[PDB]
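Trainee: Below: one structure in C-alpha cells.
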Amino acid sequence: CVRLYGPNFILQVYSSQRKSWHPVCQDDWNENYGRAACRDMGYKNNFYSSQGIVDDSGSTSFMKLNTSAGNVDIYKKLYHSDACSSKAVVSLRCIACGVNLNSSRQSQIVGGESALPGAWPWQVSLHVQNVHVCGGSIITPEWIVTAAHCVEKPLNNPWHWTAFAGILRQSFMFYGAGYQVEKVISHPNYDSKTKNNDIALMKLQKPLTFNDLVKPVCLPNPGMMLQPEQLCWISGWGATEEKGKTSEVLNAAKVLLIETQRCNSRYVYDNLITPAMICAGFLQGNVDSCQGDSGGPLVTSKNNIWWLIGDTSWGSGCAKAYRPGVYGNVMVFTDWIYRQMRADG
Amino acid sequence: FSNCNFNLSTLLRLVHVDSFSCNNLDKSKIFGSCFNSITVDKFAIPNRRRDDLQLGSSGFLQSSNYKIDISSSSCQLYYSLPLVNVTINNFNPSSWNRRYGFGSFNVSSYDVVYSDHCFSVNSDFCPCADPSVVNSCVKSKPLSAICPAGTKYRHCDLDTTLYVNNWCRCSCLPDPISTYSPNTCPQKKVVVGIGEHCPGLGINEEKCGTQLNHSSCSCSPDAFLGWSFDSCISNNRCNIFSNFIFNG
Ligand SMILES: *[C@@H]1O[C@H](CO)[C@@H](O)[C@H](O)[C@H]1NC(C)=O
Ligand SMILES: *[C@@H]1O[C@H](CO)[C@@H](O)[C@H](O)[C@H]1NC(C)=O
C-alpha cells in the first residue's frame, strides 16, 4: 500500500498497526528501489526523477530501512522511526507529465482565438468509423482516460475504439495517422439514473511518443487540496451552441469551479451531485462556455504545473441560465485506476 | 421658494436648529446676496442610520434614498420638532408597486421607513408566472395569474432533468437581492441619482399569485423586500434633516 501525495510527491506508506499513511525518509534509497517503485503503481518501463526534499507533510511516525538485514523485499524492510536521519523524504516523478509551451491567447470557446498547438499536449480525440465523438487525456503511453458513457453498451468491445491525436483540424487524422485499440477498463458502476462513475480508462497496445503534440497529462494525487473557487481550463472541439455537429478546430478557453452548496441546493440541481461528481462552470446567464466533448477534460494549474482534476460528463442545455456542467471526480478514485493499472503486466 | 424675501435669523431661531453647515458657500454670503430660487427638501431621520448623511458618502440613505449633491452651493440643516402633533407620512413613491397591490407598511406611530436597495423595471413588467404554461409543470411549479394588458409574462421553462421532463425553472431566483444570474432578472438594481426617488422596492417573484382563480396579476404583502426602519425620536424630539439649494 503506497501512494503519491500533494504537490511535492511524497510517498505515503500504510502500516496495519498505525492504521495510517506515513512518509519515508531518504536514508539510503536507490533507483533499484525507486525506479522499481513505479511498477508498484502501474508504470512498468518509465521513470523520471527522484530527489531529497524538506519535510512538511504532517506525520510524526516516519518509515525507515531495514538495511541491516540481508536480501529481502522493499515491503519487508519498512519499520517506523520518529526522526528522519537525513531529513530528506521521498520526492518522485513517475513520468514526464506536466509542462507545455506557456503561450498566451488560446481561447476558442466562443469569442476567442484558437488553441495553440503544443500548449495543450494531452488533448486526444477518439473515433469510431472515422467520426469525431469523444475526447480524453493521456497519463501513460499505454493508458488513456475518457468518460465512461462513451464506451457504454452496445459499443463495449475494444476493437472499434480508434484513438486519433495530434491535429487541431477535423481532417488530418487518417488511417495509420494515430495509434489504435486495446483494453477498455471501466469503473463498473455506471448507472442510468445517476451517471455515478462516468469514467472509464482505455488502453493501447502500441506506445506513442512524447514528441511535440502528445504529452501525458498529470493525474492528481490523493488529497491535493484544491481551492473552492479555483480557475479551471477545459479543452475540446465541441459544438459551441447546441443542436450542432462539431467545431472545426481545437477550442481551449477557461471556466470556474462552483461548489456543492450552490449546485446541489434547490434551484440549480435539486440534491443530485454525488461525491463522485464535481460541478463546474459559472452559475450565471449566457456567459458559460459549452464545447461539449464528454471527456474533454478539466485541467487546472496548481503548483505552476498542469494537473488533471475532472473529466467531463453530462449537463443541461448548452451554456445558459442556472445550468452549469457537472464533471466526473477524478481525485476520488486515482488509486482504483492504480489497482487497475498494476496488473496489465 | 422663489420671488420673495427672506432672512436667516428669524428662520434659525424660529426652528429649533441643532446644526447649520454649508458647502461651496460662506455662511455670511447668504446675508447679502440675491439668489434666483431656493429649493428646500426635508424628511425625517431614522436614528441608527443618521451617519449616512455625511456630505459625499456611501451608505444607504445617500445611495438609494436621497443623494446629497456635492457641487452646488447647498447648505444642510439638522433641526428638531416637538412630538405633540407629528404624523409621519409613510407612502410609497413608486408606480409599479402600487400597481401590483402595495397598500402600506405596518410600522409604529413614529418609525420612518428607509430603503436598502432600489430596483428598476421596465413598463411591461409582470411579476406573475404564465398560467397557460405552468399546468404541465410538476417540479418547482410556481403560482401565477393573468397579467394586465401588454405586460409581458415572466419567462418560465419546463426544461428537462435527468429523468423528469416537465420541471419548472423560471428567472429571478431566489430573490433579486441575491440572484444567481443577475443578467437575466428584469428587476435591475440601480443607484439613485441627484433629485430622484427610489424607483421601487424589490418584489420576491415567488409570492405573487394563486392557483385556482388566475385573476389580474397581483401580489402579496410579505413579498416586497428591501426596506427597514427605525424611530426618529431622540431627546423627546423627532429629528429631521433638511437640505437647501441656493441656485443662481
Ligand atoms: C397640537 O395640536 C393642538 C390641536 O390640534 C393645538 O392646539 C396645539 O397648539 C398643537 N401643539 C403645539 C405645540 O402647537
Ligand atoms: C403589522 O400589521 C399587520 C396587519 O395589521 C399585523 O398582522 C402584524 O402583526 C403587525 N405587526 C406587528 C409587529 O404586530
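Ordering of the C-alpha cells sets the chain letters (A, B, ...); residue numbers start at 1 within each chain; ligands are numbered from 1 in the order shown.
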Per DSSP on the backbone, filter stretch 123-330 of chain A down to the residues in helix (DSSP H, G or I) and report them as a list in words.
Mentor: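 Written out, the helix (DSSP H, G or I) residues of stretch 123-330 of chain A are residues 148, 149, 150, 158, 159, 160, 260, 261, 262, 263, 302, 303 and 304 of chain A.
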Trainee: Put those residues in a file: C-alpha atoms, as a PDB file, in the first residue's frame.
Mentor:
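So selection.pdb came out as:
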```
ATOM      1  CA  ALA A 148     -17.376   6.074 -19.453  1.00  0.00           C
ATOM      2  CA  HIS A 149     -20.654   6.929 -21.151  1.00  0.00           C
ATOM      3  CA  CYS A 150     -18.881   6.974 -24.476  1.00  0.00           C
ATOM      4  CA  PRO A 158     -12.322  -2.593 -27.709  1.00  0.00           C
ATOM      5  CA  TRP A 159     -11.745  -3.380 -31.397  1.00  0.00           C
ATOM      6  CA  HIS A 160     -13.904  -0.459 -32.581  1.00  0.00           C
ATOM      7  CA  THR A 260     -21.529  21.812  -3.921  1.00  0.00           C
ATOM      8  CA  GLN A 261     -23.923  24.005  -1.950  1.00  0.00           C
ATOM      9  CA  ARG A 262     -24.696  26.221  -4.913  1.00  0.00           C
ATOM     10  CA  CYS A 263     -25.196  23.441  -7.465  1.00  0.00           C
ATOM     11  CA  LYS A 302      -1.746  24.293  -9.239  1.00  0.00           C
ATOM     12  CA  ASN A 303       1.945  24.261  -8.236  1.00  0.00           C
ATOM     13  CA  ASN A 304       2.609  26.094 -11.580  1.00  0.00           C
TER      14      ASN A 304
END
```
Trainee: Could you give me, as a Markdown table, a per-residue list for chain B showing, wherever an atom lies at most 7 Å from an atom of ligand 1, the closest pair of atoms and their distance in Å to one decimal, using only C-alpha atoms and all ligand atoms and sorting by chain then residue number from low to high?
Mentor:
```
| residue | atom | partner | partner_atom_place_in_ligand_line | distance |
| --- | --- | --- | --- | --- |
| B:82 | CA | ligand 1 | 13 (C) | 6.7 |
| B:84 | CA | ligand 1 | 11 (N) | 5.6 |
| B:85 | CA | ligand 1 | 1 (C) | 4.8 |
```
Trainee: Hey, which residues come within 12 Å of ligand 2 if we count only C-alpha atoms and all ligand atoms? Could you give them as a PyMOL selection string?
Mentor: chain B and resi 103-109+221-222
Trainee: Please produce an output containing C-alpha atoms for each residue in the selection, written as a PDB file, in the first residue's frame.
Mentor:
```
ATOM      1  CA  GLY B 103     -51.138  49.142   0.315  1.00  0.00           C
ATOM      2  CA  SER B 104     -48.931  50.370   3.154  1.00  0.00           C
ATOM      3  CA  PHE B 105     -46.271  49.447   5.661  1.00  0.00           C
ATOM      4  CA  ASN B 106     -47.019  48.379   9.203  1.00  0.00           C
ATOM      5  CA  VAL B 107     -44.662  50.400  11.325  1.00  0.00           C
ATOM      6  CA  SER B 108     -45.395  52.155  14.618  1.00  0.00           C
ATOM      7  CA  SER B 109     -46.605  55.711  15.084  1.00  0.00           C
ATOM      8  CA  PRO B 221     -47.709  41.961   1.343  1.00  0.00           C
ATOM      9  CA  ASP B 222     -44.822  39.803   2.516  1.00  0.00           C
TER      10      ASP B 222
END
```
Trainee: Quick check: residues of chain B within 7 Å of chain A, only C-alpha atoms, returned as a list in words.
Mentor: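 Within 7 Å of chain A on chain B, we get residues 180, 181, 183 and 184 of chain B.
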Trainee: Give me every strand (DSSP E) residue in stretch 14-153 of chain B, going by DSSP on the backbone, as a PyMOL selection string.
Mentor: chain B and resi 17-20+37-38+41-44+77-79+111-115+119-120
Trainee: Can you write just those residues out, N, CA and C atoms, as a PDB file, in the first residue's frame?
Mentor:
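Result file part.pdb:
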```pdb
ATOM      1  N   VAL B  17     -32.873  74.791  15.569  1.00  0.00           N
ATOM      2  CA  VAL B  17     -31.701  74.282  14.873  1.00  0.00           C
ATOM      3  C   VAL B  17     -30.809  73.512  15.835  1.00  0.00           C
ATOM      4  N   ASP B  18     -30.182  72.443  15.336  1.00  0.00           N
ATOM      5  CA  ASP B  18     -29.045  71.835  16.005  1.00  0.00           C
ATOM      6  C   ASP B  18     -27.735  71.961  15.257  1.00  0.00           C
ATOM      7  N   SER B  19     -27.758  72.215  13.953  1.00  0.00           N
ATOM      8  CA  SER B  19     -26.544  72.474  13.195  1.00  0.00           C
ATOM      9  C   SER B  19     -26.902  73.172  11.902  1.00  0.00           C
ATOM     10  N   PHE B  20     -25.953  73.935  11.384  1.00  0.00           N
ATOM     11  CA  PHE B  20     -26.117  74.516  10.060  1.00  0.00           C
ATOM     12  C   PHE B  20     -24.730  74.617   9.448  1.00  0.00           C
ATOM     13  N   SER B  37     -33.549  81.166  -6.842  1.00  0.00           N
ATOM     14  CA  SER B  37     -34.564  80.359  -6.175  1.00  0.00           C
ATOM     15  C   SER B  37     -33.877  79.573  -5.078  1.00  0.00           C
ATOM     16  N   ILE B  38     -34.684  78.987  -4.213  1.00  0.00           N
ATOM     17  CA  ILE B  38     -34.228  78.167  -3.105  1.00  0.00           C
ATOM     18  C   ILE B  38     -35.116  76.942  -3.116  1.00  0.00           C
ATOM     19  N   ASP B  41     -35.619  70.709   0.660  1.00  0.00           N
ATOM     20  CA  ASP B  41     -36.089  69.320   0.658  1.00  0.00           C
ATOM     21  C   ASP B  41     -35.931  68.721   2.037  1.00  0.00           C
ATOM     22  N   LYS B  42     -37.029  68.360   2.668  1.00  0.00           N
ATOM     23  CA  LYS B  42     -36.965  67.881   4.032  1.00  0.00           C
ATOM     24  C   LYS B  42     -37.478  66.459   4.119  1.00  0.00           C
ATOM     25  N   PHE B  43     -36.996  65.741   5.131  1.00  0.00           N
ATOM     26  CA  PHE B  43     -37.531  64.448   5.527  1.00  0.00           C
ATOM     27  C   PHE B  43     -37.061  64.123   6.929  1.00  0.00           C
ATOM     28  N   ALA B  44     -37.683  63.127   7.536  1.00  0.00           N
ATOM     29  CA  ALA B  44     -37.284  62.736   8.873  1.00  0.00           C
ATOM     30  C   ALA B  44     -36.057  61.835   8.813  1.00  0.00           C
ATOM     31  N   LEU B  77     -29.244  71.533   6.921  1.00  0.00           N
ATOM     32  CA  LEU B  77     -29.779  71.900   8.214  1.00  0.00           C
ATOM     33  C   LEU B  77     -30.259  70.654   8.923  1.00  0.00           C
ATOM     34  N   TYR B  78     -30.005  70.573  10.228  1.00  0.00           N
ATOM     35  CA  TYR B  78     -30.400  69.435  11.059  1.00  0.00           C
ATOM     36  C   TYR B  78     -31.214  69.994  12.211  1.00  0.00           C
ATOM     37  N   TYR B  79     -32.526  69.862  12.171  1.00  0.00           N
ATOM     38  CA  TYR B  79     -33.280  70.535  13.210  1.00  0.00           C
ATOM     39  C   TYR B  79     -34.148  69.570  13.980  1.00  0.00           C
ATOM     40  N   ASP B 111     -42.071  55.664  13.262  1.00  0.00           N
ATOM     41  CA  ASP B 111     -40.966  54.969  12.627  1.00  0.00           C
ATOM     42  C   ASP B 111     -40.907  55.337  11.154  1.00  0.00           C
ATOM     43  N   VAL B 112     -39.709  55.615  10.655  1.00  0.00           N
ATOM     44  CA  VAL B 112     -39.515  56.113   9.298  1.00  0.00           C
ATOM     45  C   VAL B 112     -38.904  55.027   8.440  1.00  0.00           C
ATOM     46  N   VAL B 113     -39.543  54.734   7.320  1.00  0.00           N
ATOM     47  CA  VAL B 113     -39.171  53.591   6.507  1.00  0.00           C
ATOM     48  C   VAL B 113     -38.169  54.005   5.453  1.00  0.00           C
ATOM     49  N   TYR B 114     -36.919  53.674   5.659  1.00  0.00           N
ATOM     50  CA  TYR B 114     -35.895  53.987   4.681  1.00  0.00           C
ATOM     51  C   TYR B 114     -35.712  52.810   3.744  1.00  0.00           C
ATOM     52  N   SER B 115     -34.700  52.879   2.894  1.00  0.00           N
ATOM     53  CA  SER B 115     -34.524  51.856   1.877  1.00  0.00           C
ATOM     54  C   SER B 115     -33.116  51.271   1.905  1.00  0.00           C
ATOM     55  N   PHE B 119     -34.641  48.750  -6.996  1.00  0.00           N
ATOM     56  CA  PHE B 119     -34.595  48.043  -8.259  1.00  0.00           C
ATOM     57  C   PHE B 119     -35.522  48.704  -9.254  1.00  0.00           C
ATOM     58  N   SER B 120     -35.105  48.747 -10.513  1.00  0.00           N
ATOM     59  CA  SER B 120     -35.858  49.402 -11.577  1.00  0.00           C
ATOM     60  C   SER B 120     -36.321  48.392 -12.616  1.00  0.00           C
TER      61      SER B 120
END
```
Trainee: Neighbours of stretch 158-161 of chain B within 10 Å (only C-alpha atoms; same-chain residues fewer than 3 positions away dropped), as JSON, numbers by chain?
Mentor: {"A": [269, 270, 315, 316, 317], "B": [133, 134, 136, 137, 138, 139, 140, 141, 164, 165, 166, 167, 168, 169, 170]}
Trainee: Which residues come within 8 Å of residue A:235, counting only C-alpha atoms, excluding same-chain residues fewer than 5 positions away, as an MDAnalysis selection string?
Mentor: chainID A and resid 123 250:253 291 296:298
Trainee: Restricting the output to C-alpha atoms, write the selected residues as a compact mmCIF listing (two decimals), in the first residue's frame.
Mentor:
```
# COMPACT_ATOMS: atom_id res chain seq x y z
CA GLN A 123 -5.63 16.53 -25.87
CA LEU A 250 -9.41 22.88 -31.11
CA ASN A 251 -11.08 25.19 -28.57
CA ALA A 252 -9.49 25.59 -25.17
CA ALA A 253 -10.80 28.54 -23.13
CA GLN A 291 -17.91 22.99 -26.12
CA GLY A 296 -12.79 16.98 -22.90
CA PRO A 297 -11.08 17.47 -19.64
CA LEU A 298 -10.84 19.96 -16.78
```
Trainee: Could you tell me which of A:171, A:114, A:61, A:265 comes closest to residue A:15 if we count only C-alpha atoms?
Mentor: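 Ranked by minimum distance to residue A:15, first place goes to A:61.
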